[PDB]
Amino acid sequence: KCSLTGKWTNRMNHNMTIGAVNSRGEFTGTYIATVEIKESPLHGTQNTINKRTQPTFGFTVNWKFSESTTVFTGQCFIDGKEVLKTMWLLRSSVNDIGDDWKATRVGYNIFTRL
């Protein structure tokens, strides 16, 4: 079984900590990144349909130093070692609806255990 609970890092030296997943798949945690270091909360869910050993999942990071919001989704894989393959959408704040077209960046991130 691949579980999101615990501590994770990526190629950018990030520090992601996720708490216990309840039975409905819900979780909370923390996302720590450089700018000097800031902590921001994350809330998310993990699939529990068919209790897959390698579940898909999703979460939102509500950045504390910034008007933006990021969303991540992906799958917890086994390779023996655990890895989260993710993709993300970073939403910037824009002042007027007609600037919406440029408000959204996309990318990826690979996480592995501390």
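In case it trips you up, residue 1 is the first one in the sequence shown, and so on.
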Checklist outcome for this item: Per the entry, how many deposited residues between residue 35 and residue 36 lack coordinates? The answer is 4 to 9
Checklist entry - With respect to the deposited sequence, how many residues separating residue 67 from residue 68 are not represented by coordinates: none, 1 to 3, 4 to 9, or 10 or more? => result none
Checklist entry - Hey, which bit's got the bigger mean C-alpha B factor in the entry, 37-45 or 59-67? => result 37-45
Item to check | 84-92 versus 24-32 - which carries the larger mean C-alpha B factor in the record | outcome: 24-32
Checklist entry - For residue 9, does the deposited CA B-factor place it in the lowest, middle or highest third of the chain? => result middle
Next on the checklist: Ranking the modelled residues of this chain by C-alpha B-factor as given in the entry, is residue 15 in the lowest, middle or highest third?
Outcome noted: highest
Checklist entry - C-alpha B factor of residue 75, ranked within the chain: lowest, middle or highest third? => result lowest
